[PDB]
Structure formats: structure tokens, C-alpha cells
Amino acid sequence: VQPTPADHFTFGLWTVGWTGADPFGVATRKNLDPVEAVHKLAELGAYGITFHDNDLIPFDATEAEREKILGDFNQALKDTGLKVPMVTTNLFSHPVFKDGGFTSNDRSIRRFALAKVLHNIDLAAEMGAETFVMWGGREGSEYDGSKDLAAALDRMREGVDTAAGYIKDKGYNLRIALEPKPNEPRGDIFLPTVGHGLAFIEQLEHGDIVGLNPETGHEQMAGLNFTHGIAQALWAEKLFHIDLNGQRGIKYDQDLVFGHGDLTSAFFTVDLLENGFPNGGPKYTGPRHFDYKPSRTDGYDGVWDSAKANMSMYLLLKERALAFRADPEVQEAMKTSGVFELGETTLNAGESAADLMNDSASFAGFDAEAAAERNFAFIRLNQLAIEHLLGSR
């Protein structure tokens, strides 16, 4: 199980560079030089790297420092071949953003947040990124009277449509990906799930270049089925990027390695990315990005190991999910369970609503108790899946 650029494993600079400070303690690891991260990631088989403007350029950086940091960084990229598929903005660590960027109650802040974002789009554009990620981490509240919620969504729309309008105006080849999160750091975050993300998109003047960046753990924090969520994003064709990691339950964002959380769920996420839908449909073709944090208990050896464990986990799952769908016994079980059957339209070609209600056989004379006798055999189909996952069959 050896990854290759062709695999499109991307990693966030803030991921391997996470030095370990959490809400109850300080960093356990020294800062990571961006040039080193670039080079280690290229020796591991990474395809690209992503970052937040302030991951690379300090908030207070002078112009001379900015040009230098970027010289060093492009030099590393040049030298190693890594791509920069996604760039994002940090609208959350500086105290100024304590109430959000786009949806801060303070107009002056909303303004700086949008400016900071427009500048970052130029940068994203220079770096050759295809995706522009928005994570509205400080957008929300701890109390229900803190905000006029209709005004918070108007404000969100203004910021996103302004960013998108500008992409169109500058002719950049960028798509905006919204990344939902239910809570943390705010008690309640706006656009908390994939569903809320897709909904909002549809209210946008420029929603056509706006899509989603679901994160495994974020969905699991609301106890939702991450495979079901991304399938909704796919079906609507708004799956522009994905963030893979592991979560063990409803609690703080753990950001474990992909597959170190809910494993069967990881299995079916891989089946979906790789194999697609059993009856066919859109397939995801973007970068497979890992947004995790090397546990603070581990030193730097652990850090490259966890980077490596991401890609292995994906590759192992990939192998199992291909075996799985390729097993003849699994294809038969599927057919039995009606998986292919769900793909057949309900109505007959040119059958109307009226046509159906008066069809006796479909209703009036339909024998409901006999139909109810079908053994769907979903347990056995489940068992086969598990046996493929365990490398048992």
C-alpha cells in the first residue's frame, strides 16, 4: 500500500504543523517550518498541500517578510512538484473575529473579514488552487438572543456572493467550497450540516460556483451518517472537495487519522468515492484531503507516521471496497436486497399520477400483506460487507 501523486492525497499545512495546544494545555511540539512540511509530504507521496493565509503568512507580517516566505514556499513547491489544490482563510484565531468574520455584529469587522478574504482569492489564484474553502467557525452564538438569525444569513450571503462575484470578475478558475460544522468553537454554528450548506447555496446570486467541503468528523458531531451526507452533496452535484479524518462520537472535534474513528463508515465512504453509486451517477474526482491532527502525545516521528497512516488507511479501505463490489456473491446479495431495483423509476414511461391511482393492481387490488413478506436480507448484505472489510473473504 504505497501512495502515488496519482492518488491525489492532499494535506493541510495546519495538520502536520498542529503543535498540540488544546483548550487545557500548551504545545507539545515545536513549530513546523513550511519548507520542511513541503519536502516531507513529497517524500511520503502527497500530491499537494493546502493552507490558510496565516498558516504561512503571519497576521502581522511586513511586506518584505511576505515576499520572502512566499519565495521559500514556491521554491519548495518548485523543487518537489507538489500542487496547491485548495487555499482557505483564517477568519477565526485573531480576537477581532471573536464574533465571526462575515457575520460579526460589528460592521467594521464584517468589512475587514471580507477584505482579508478578497486578498486571499488573489493569492489562491496565484498559487494555482482550483478550490477556495470557507469554514465559518466563529459564525454563530452561545445564546439565542445574540443574533438576528435572518440578518446573520443575509450577512453570510453578502460575503459569499461578493467573493464569488469577484472570482467571476477576475476570471480566476476558482470554486468556493463551504465547510459546515455544527458547533465548536461557538456553541451553535450557522450552516451546521451538509444539508444547511446545500440549502443556503440555493439562495445565492452566484451559487453556481459555490459548493461543499464536508468533513467526516463534523457530520459525526451531530451524529449524522457521513456517507449519506456526501451522497446528497453528490446527487446535487455540489461535492467540490472533502476533508477526511476520524471521529469517535458526539464530542469535541478529535480530528483523528482517517479510519481511526468510525471504520465501517470509513469503509462505505471509500466505497462511495471509488466505486460510485451502484446504479451509476456522478463520481467524486477531487483531491482526497486529510484535515486531522497528530495526537499531542506523539513527537515528530509520530507526526510523519500519522500522515502516512492517513494514506495507508485510505489505500487499504480502497482495496477492500474494490474486492467487495467485485465479489460475485456480493452482487447477487445486492440484487436480492433490491439495490438495483431501487434504480427503476416508480412510474411506467408516460404513466400519470391519475393513471396510477386508478390502476387497480398498484392500489385497490394490491395485496399488501403478501408484498410485506419479502425478506430484504439487508443483514446478510451487511455481513458480507463486514467480511470484506476484515479481509476475511
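Sequential numbering from 1, following the sequence displayed.
Here the stretch with the larger average CA B-factor, out of 238-246 and 220-228, is 238-246. When 165-173 is weighed against 208-216, 165-173 comes out higher, by mean CA B-factor as recorded in the entry. Looking at 339, 41, 26, 70, the one whose CA carries the top B-factor in the deposited record is 41. Annotation for 99, 262, 126, 253: 126 ranks highest, by Cα B-factor. For residue 75, the recorded CA temperature factor ranks within the highest third of the chain's modelled residues. The PDB entry assigns residue 280 a C-alpha temperature factor belonging to the highest third of its chain's modelled residues. Per-chain ranking of the deposited C-alpha B factor places residue 82 in the highest third. Per the PDB record, residue ranking by Cα B-factor puts residue 131 in the middle third of the chain. Among all modelled residues in its chain, residue 202 ranks in the middle third by Cα B-factor.
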